[PDB]
Amino acid sequence: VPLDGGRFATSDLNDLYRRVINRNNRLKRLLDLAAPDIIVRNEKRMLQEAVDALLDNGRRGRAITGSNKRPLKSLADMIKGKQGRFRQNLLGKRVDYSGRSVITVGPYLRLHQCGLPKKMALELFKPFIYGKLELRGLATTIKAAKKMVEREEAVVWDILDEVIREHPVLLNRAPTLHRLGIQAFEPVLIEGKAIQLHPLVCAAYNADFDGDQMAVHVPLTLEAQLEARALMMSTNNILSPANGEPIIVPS
Amino acid sequence: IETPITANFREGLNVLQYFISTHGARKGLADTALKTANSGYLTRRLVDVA
Amino acid sequence: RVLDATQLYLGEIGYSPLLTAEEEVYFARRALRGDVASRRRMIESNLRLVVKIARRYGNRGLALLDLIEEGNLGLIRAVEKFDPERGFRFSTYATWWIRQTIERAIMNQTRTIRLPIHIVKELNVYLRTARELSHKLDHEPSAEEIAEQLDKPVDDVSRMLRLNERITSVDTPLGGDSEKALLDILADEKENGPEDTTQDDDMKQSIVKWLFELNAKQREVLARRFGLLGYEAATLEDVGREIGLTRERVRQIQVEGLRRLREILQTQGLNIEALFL
Amino acid sequence: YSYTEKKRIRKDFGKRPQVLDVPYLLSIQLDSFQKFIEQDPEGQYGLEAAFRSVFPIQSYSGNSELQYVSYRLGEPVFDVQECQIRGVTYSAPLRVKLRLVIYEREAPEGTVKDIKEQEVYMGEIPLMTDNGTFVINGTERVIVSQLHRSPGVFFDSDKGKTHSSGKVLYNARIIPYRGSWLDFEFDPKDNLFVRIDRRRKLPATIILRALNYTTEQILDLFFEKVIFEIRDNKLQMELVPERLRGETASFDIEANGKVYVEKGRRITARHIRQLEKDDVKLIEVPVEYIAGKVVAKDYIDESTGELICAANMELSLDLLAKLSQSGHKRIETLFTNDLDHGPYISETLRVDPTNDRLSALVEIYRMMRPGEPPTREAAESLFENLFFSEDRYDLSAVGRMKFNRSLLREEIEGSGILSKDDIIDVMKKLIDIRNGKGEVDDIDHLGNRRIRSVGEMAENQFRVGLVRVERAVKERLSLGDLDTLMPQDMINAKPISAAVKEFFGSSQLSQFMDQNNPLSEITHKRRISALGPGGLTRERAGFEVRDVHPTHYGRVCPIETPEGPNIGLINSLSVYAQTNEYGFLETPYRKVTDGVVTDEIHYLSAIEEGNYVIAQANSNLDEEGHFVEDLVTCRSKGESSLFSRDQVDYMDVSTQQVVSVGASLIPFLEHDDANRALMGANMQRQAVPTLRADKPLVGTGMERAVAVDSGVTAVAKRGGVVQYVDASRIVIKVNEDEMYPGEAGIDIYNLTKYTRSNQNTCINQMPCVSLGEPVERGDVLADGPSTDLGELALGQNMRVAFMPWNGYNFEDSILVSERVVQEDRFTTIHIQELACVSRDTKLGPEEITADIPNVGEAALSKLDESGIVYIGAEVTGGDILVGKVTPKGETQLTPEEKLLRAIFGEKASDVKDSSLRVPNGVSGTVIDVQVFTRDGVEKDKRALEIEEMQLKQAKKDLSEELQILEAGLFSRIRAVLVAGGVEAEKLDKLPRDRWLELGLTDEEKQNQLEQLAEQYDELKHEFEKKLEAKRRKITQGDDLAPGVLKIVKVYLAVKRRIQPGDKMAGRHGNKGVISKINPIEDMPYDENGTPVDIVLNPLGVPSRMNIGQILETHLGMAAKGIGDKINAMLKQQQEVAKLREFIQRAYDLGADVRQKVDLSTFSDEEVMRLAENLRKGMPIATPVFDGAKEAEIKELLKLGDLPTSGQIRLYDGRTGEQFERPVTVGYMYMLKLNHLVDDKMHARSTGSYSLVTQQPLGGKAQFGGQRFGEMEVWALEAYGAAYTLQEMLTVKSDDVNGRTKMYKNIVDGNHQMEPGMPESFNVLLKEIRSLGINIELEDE
DNA sequence: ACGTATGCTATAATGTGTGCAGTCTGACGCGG
DNA sequence: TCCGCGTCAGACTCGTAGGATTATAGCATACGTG
Ligand SMILES: O=c1ccn([C@@H]2O[C@H](COP(=O)(O)OP(=O)(O)OP(=O)(O)O)[C@@H](O)[C@H]2O)c(=O)[nH]1
Ligand SMILES: [Mg+2]
Ligand SMILES: [Mg+2]
């Protein structure tokens, strides 16, 4: 595929494939010439080197290095280990309706509450604004609703505020050690780029307000809203699963 | 060390008392970064079987 | 023993004839007349000559083993067309072939994007002219500075330099440490995300509502012209094929459909709102 | 004291007078490069070395050759000013003279046949600034110094390779600067082996055979000899009394007349002196004793001529009897000892399957090139090429130096190649260590970790350029025609240019240095790393490396290093630390002569530190004499204890040499844990400079040193009166004594005005001097972005109070007043740079016009006709900075668009839109815009308006230069003319253009008038070509990347205010997020009324153990108390004498104050300018370890009429009622870290998608969702929330059906699960099929 | 006709090599 | 079958930062489509 800068970019497979096809076609040419076997031998050894390098480069011998003196990424490599498809592009995923930001204290909040910035929840609940807008009849279509949100007009804040009520959000902190590394709350819109977290559940996350960031996630489906309120709500999660002991102890 | 640190933080460490404090400080914080991976790798190992 | 494909072949050439002047002629004279064994020998013998010529033609496109293979093909074409009757040696004539076959095979399998010889041949003279200039200007020559020495077009020099632009693999580490590649950044052009997908779905469902809200003959004639409901996008003149069969009445009814629809967009809340878009 | 110091003096609580003044910060870097370019005549260094090393190069035949003559540096094409802006390397032309000499073939050496000679360019080398930076593609970058294992020899031992045996196997290793490795190692059976390049393991006698050594010589170089005589019938043996030492008498030991030891008895030291004093030489012995002993030399039968017994063969009874009757009654054997002189080479030869020299070169050749049939030359050439050729091998100076002193040698400087001697000497010391004497070296000692700054590394990379040219020279010379071919046709300039830019770009040491803080710049240039090429790796890095080593003392800082996996490797250099002439580090030390602590200083190497005993700086001098106390706490041999007076040899110079720059700025470091001290110094580097530079009330004194040496300020080259003050520039008139007699003598300093940083922050230089002020040489004229009267000003100090506040300071959370936000004091400035590129696509060229399709008049309001936003125009996310349009190809107008473009009209043209618009979110003020264009296509009208200014502003700027330079030049002539022909007004009648017309009598001053007259003309002619260079470069086309036609670079300047989420900290590692900006109504306040600025959590203190912040607070309060008293007297408008008494009483209070500043010396005017700066608060210096103690701080608090405690009676603002009991209040110098929340927060609903994985991208950079990793996944599995996970695996990530379908369902209100199956898995299926594996989805 | 591709030239020349070498604990898999 | 030595397998989780290559002759008929 071509870059924005007029450059192109190719995967190392294409390069490894051109090594296979060239040598294979050169063998067809030498079998046409009935060349001496000594040469045919080299061609067959080469062909094998290329095939073996295509399947799993760094294994039989030296991995065929390319442009930046680094080894070409082969096929097996895209299925292999951390950097493979399994761990990196299948069990772990970047996810929509997700945002992260510096957290700060929320000593006014109750246990089942957490501060959520307005401009954050704005972008996060984008399809829920367009939905409640068509209902009231303020938007006839969705690109109309898109512009209504963009202009940040006053009455759009009140609609956003409407959908978010009685709607839980997932708050994650890295690293996710135990299940309590994510807990759900009822978002409270606050003007400012900081998330406000409940002091007592700080223990579960191990979240220190020294510049911590927590990922936000919106439960879309009604089942996810029920799951978040039933299982993952902060009030329904008190005791540690490890020990029958309250992890929400004042500190 | 045969000779420990006599002073405290209110009184002030001398130049070495701090140099000595370093040895323990850097190695304690080296095991915060490096040794965490063995324990986090254990979490991974435990999970897969369970 | 030996498990490197390199050293194994390089061993087998090391146990192959090293021909004299009169020997070359004896074999070559029979090789043209087809002795079978003769063509095999002259070739087997001068594999050693191909390797010495491939020791200078490396680090340019393919590997040393890839250069020898294609260098051997040059020695073969040299054997297919050698003149023993001429008093001149073979090693001389074969070198012209082995240097050629290598250069040519590098020019094809070096670049991912197959660059033919014509655009490449010229590029070399532009680059080799840059050498002369660079040494005496002590300044890497511009597209203009190269054009003023050759007295050739500006865009030609520039477009030939555009094809010299090399590639970065999408699987190349960014920052010289396991972090992320270009694929974990570079987005997909073809499919735009749900918001762009639902834009057209909702915009085009709103039009299906606006057409059933127009006239019976006005939404027939307007839709089938643009190819909205019909199968083929016709013109004012071509709407006559269906039932219209008119040139003036089709144009007045097309625009009559659009004028009533322009008031439908002024009232619903678009018109100048959706004009910027 | 100086004038700029007279304006504001810092009270110093130091009691250890500085014998050594802090050196220049930027020194190593500068000196390093100062060696690389330095064209040394003979002592080759840098480039001169690189040429003499590689050159002369000769053809493969050896009939033609290229010889190096001389090289030179041309002045830079583009200077720093220009380079920083355009965006190309600040490099200098490399012109090297080459000489092509060709010989006659049949003739001997016809050297004089064609001595062709010409000058040739090859590559442009990035130069170093005066700051120690390299401008690469418009980025001042720093090449951090590397820390690597020093070449030579090194003895190590895996304390248990096979813990099976648990045997400490000793090994040696010769490390060269260039060349192959040479290792020697034992094994479970103590057989010596050699592994060149750590390849195959070969017996260690095989390498000796290769050096032509017979089995006999090998045994006569390691082991001793045992003389065995067979006299008449009694077998006899020579005894050196000191041999049968610590062994057992296996036989009855009896001499000329006495039995000393009995059978099966230990021979003690008494028995050895018993024998040695009796002068015993010969002893009769049994024949059973030799059974086991090894014969030394060969023994042929005198009679037959055959070997009775070969050298190195265990003797027996029958072999000895065969030798006695052959006719040899003088036998030589080896001295084997299982305890001391060990038999290793002996047992090794029994394993060694080789024979002679030529056969030993075979297995050496069969190791490194296995499979190639070996010849006499191939085997010899290889081995000779390894460690014995001037080409392949080079230990270097350091290599041979360390190599020699490791072997306790004779020479410091010797040969670059390994000699026979060297090899065997190394095997010998390896065997010494194995025996018992000799200790192994350890790598963690800095005596083995050498420092390699840029200049040597630039030299190395420059060699590879020459090596890659060597190839092209030789091959073109031999086969190419001799005569025709010129030397530059064979040279290529790209391989050198590419190999050097490889270093100045891709290298791990070559990176961008922080510039958001003077401390960041200076500490990042003083960074030293072990990583990148020729070093270590996080993957490879151990513990013992990282750990602080007692060698670091005075050399490297114990508390300066990232707390990330790159923790112990990266390290800043110590304050007074400097590089050894060879490479190691060295630290200053006060020599003690005959007890007298002399002021003579000696920089002791890492090696010699261990030798002498070194007293600490805590030790007390007797005011010119010696140590006051008899006992002195000192340190040596890497240990510490008390010693006597005469035993002390050296002493620490200052008390700050242990620490770095980063740590020398922390006050009361002595009262801070090393863990929090590290973080404090790490965050002090992240301190973004504020709007108004506020000086620190609680400093150390190092403040000025940093600000000045950073090269961010503008300090005076020559002292005199400031003729002119201006915001843009400074003009100073030089005094007669300093001013040169030739030139005019008026220095020019055009101050760098507001422009961008590498971290997108403000860079300004404001004049810190008044119009017409007398300034001394080396005084700060303009302050930098984070400096104040020359002293460093990183953050701002404020009244702080330690107490909790309704949990708004929970876990280190910060509660800041609105009054701080009102003063806009923590309001930092951000300078972003958005660029706009006109490219050449396949369809056609792009341009830059105001004509943009589908646009609001609102967007094109801030743009001009050319299509660039006005200077000073405010912009916001969505507004367009620079209008761009690209070509639009075959476009399928969809029926719904063809109708919509036919309804409202506005038919778009054949051109696409891609205008550079302010990124969604950012908002600031455009401060400047710069336009770069190729040399061709006609320009925009705005590009012409900007050319108008540059030109007419340059014409003015140069007019001003020649004008004021004229006035300063005639000012001299006017003074010269008076001396001789004294006439005042009559001379000043007619104009000044006819002054060179007037002269003087035959005098030195007549020659002076001619100098100034023809120098005035020299400037008059110079002015034109100065104008030419400006004019041309303003109309010249800058060279761009292929495809690019022109670029427009925009500079924004946002003013971000502090807000909840912003991260701030002290310098004691006390971190915190601002949680709430409290109303001024609600802020706590003292009985007197003034409120508190920040309210910190007291619980962020005990567990942290960083009590330095509390002392910073207390002193800050005291310091302010004094400013509050001075502020009151200056407001009251009292008197000069009253201020003088109080301020003199303030400066003089400390026990032994270092500075004794008398104010009777200060004039009345000088006192009032001082007091006016002291009113904000008397700035105090607390040296790192020689800081102020409670006695001094509490005494200062009594002067300020402040409480001894430091706790004040506080009242709650919300209420008005007092808090239940006192709280510490004072002024703590806090900082505003770069981690601002506007640059952090992110949100996403749906946006871009990945290329193959088809999951969203990553980061707010590209607008990407948060990653939900496997750990994040297991959490939901644990809860049981199954859809919440499946939702985050499919619709929120890949599932192409799901994501769009779900979107449409949400806007409908029906939040319904609609899964399908992520794309990333459908990829995995085909990927396994592409690997030749049948993987199909087997159905129900 | 325009672009791509194939072809020939004749002093003699006949066996490559290059490049990071404090990672490490743990676990098999062929010989010996 | 058992003990040494070779190759081959992993390495806590999320955020941010930035850049650049060398060279393949020279000219004359052969092969593919508007
Ligand atoms: O490499 C690191 C270092 C630290 N951390 C995490 O960051 C936090 C730093 O340490 P904290 O400041 O959270 O410490 P603490 O509350 O457990 O104890 P005190 O300070 O009160 O004595 C801890 O929660 C630790 O797990 C990491 O996740 N990784
Ligand atoms: Mg934290
Ligand atoms: Mg904490």
# chains A, B, ... in the order shown; residues from 1 in each chain; ligands from 1
call {"tool": "interface_residues", "arguments": {"of": "chain C", "to": "chain F", "cutoff": "7 Å", "atoms": "only C-alpha atoms (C1' of nucleotides)", "output": "ChimeraX atom specification"}}
result
/C:60,103,106-107
call {"tool": "residues_around", "arguments": {"residues": "residue 30 in chain B", "least_positions_apart": "4", "cutoff": "8 Å", "atoms": "only C-alpha atoms (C1' of nucleotides)", "output": "list in words"}}
result
residues 26, 34 and 35 of chain B; 543, 563, 565, 567 and 568 of chain D
call {"tool": "closest_residue", "arguments": {"among": "A:91, A:177, A:220, A:40", "to": "chain B", "atoms": "only C-alpha atoms"}}
result
A:177
call {"tool": "residues_around", "arguments": {"residues": "residue 14 in chain B", "least_positions_apart": "5", "cutoff": "10 Å", "atoms": "only C-alpha atoms (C1' of nucleotides)", "output": "PDB file with C-alpha atoms, in the first residue's frame"}}
result
ATOM      1  CA  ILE B   5      24.572   4.480  59.671  1.00  0.00           C
ATOM      2  CA  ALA B   7      22.518   9.415  61.931  1.00  0.00           C
ATOM      3  CA  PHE B  19      26.490   6.841  49.335  1.00  0.00           C
TER       4      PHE B  19
ATOM      5  CA  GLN D 616      35.960  12.879  53.730  1.00  0.00           C
ATOM      6  CA  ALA D 617      35.042  16.581  53.281  1.00  0.00           C
ATOM      7  CA  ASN D 618      33.251  16.386  56.699  1.00  0.00           C
ATOM      8  CA  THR D 655      31.002  17.927  49.653  1.00  0.00           C
ATOM      9  CA  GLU D 670      20.881  15.136  53.253  1.00  0.00           C
ATOM     10  CA  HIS D 671      17.390  14.813  54.836  1.00  0.00           C
ATOM     11  CA  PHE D1185      25.342  18.123  52.282  1.00  0.00           C
ATOM     12  CA  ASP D1186      26.885  21.282  53.822  1.00  0.00           C
TER      13      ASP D1186
END
call {"tool": "residues_near_ligand", "arguments": {"ligand": "ligand 1", "cutoff": "8 Å", "atoms": "only C-alpha atoms (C1' of nucleotides) and all ligand atoms", "output": "MDAnalysis selection string"}}
result
(chainID A and resid 174:175 206:208 210) or (chainID B and resid 32:33 36) or (chainID D and resid 563:564 1100 1103:1104)
call {"tool": "write_last_selection", "arguments": {"atoms": "N, CA and C atoms", "output": "tab-separated table (two decimals), in the first residue's frame"}}
result
chain	number	residue	atom	x	y	z
A	174	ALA	N	-4.46	-0.15	34.78
A	174	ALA	CA	-3.34	-1.07	34.50
A	174	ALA	C	-2.35	-1.10	35.67
A	175	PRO	N	-1.92	-2.31	36.09
A	175	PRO	CA	-2.25	-3.54	35.39
A	175	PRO	C	-3.51	-4.22	35.95
A	206	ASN	N	-5.36	-0.43	43.31
A	206	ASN	CA	-4.02	0.04	43.74
A	206	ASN	C	-3.79	1.40	43.08
A	207	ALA	N	-4.87	2.17	42.92
A	207	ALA	CA	-4.77	3.45	42.18
A	207	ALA	C	-4.32	4.58	43.11
A	208	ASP	N	-3.09	5.06	42.90
A	208	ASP	CA	-2.60	6.24	43.64
A	208	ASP	C	-2.83	7.48	42.78
A	210	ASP	N	-1.22	10.01	42.01
A	210	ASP	CA	0.12	10.64	41.87
A	210	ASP	C	0.34	10.86	40.38
B	32	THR	N	12.03	-4.00	41.86
B	32	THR	CA	10.64	-3.52	41.68
B	32	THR	C	10.31	-3.63	40.19
B	33	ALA	N	11.33	-3.47	39.34
B	33	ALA	CA	11.14	-3.44	37.87
B	33	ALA	C	11.31	-4.85	37.30
B	36	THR	N	9.38	-8.13	38.88
B	36	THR	CA	7.90	-8.10	38.77
B	36	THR	C	7.47	-9.05	37.64
D	563	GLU	N	13.90	5.12	36.65
D	563	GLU	CA	13.41	3.97	37.45
D	563	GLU	C	12.76	2.92	36.52
D	564	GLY	N	13.03	2.99	35.22
D	564	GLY	CA	12.46	1.99	34.30
D	564	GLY	C	13.49	0.90	34.02
D	1100	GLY	N	1.91	12.15	52.89
D	1100	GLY	CA	2.88	11.91	51.81
D	1100	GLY	C	4.28	12.26	52.30
D	1103	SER	N	5.98	7.89	55.36
D	1103	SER	CA	6.31	6.67	54.58
D	1103	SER	C	7.33	7.00	53.48
D	1104	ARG	N	7.31	8.23	52.98
D	1104	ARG	CA	8.17	8.63	51.84
D	1104	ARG	C	9.59	8.82	52.37
call {"tool": "residues_near_ligand", "arguments": {"ligand": "ligand 2", "cutoff": "12 Å", "atoms": "only C-alpha atoms (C1' of nucleotides) and all ligand atoms", "output": "ChimeraX atom specification"}}
result
/A:102-104,173-175,202,205-214 /D:811-813,1063,1070-1073
call {"tool": "residues_around", "arguments": {"residues": "residue 3 in chain B", "least_positions_apart": "3", "cutoff": "9 Å", "atoms": "only C-alpha atoms (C1' of nucleotides)", "output": "list in words"}}
result
residues 6 of chain B; 640 and 641 of chain D
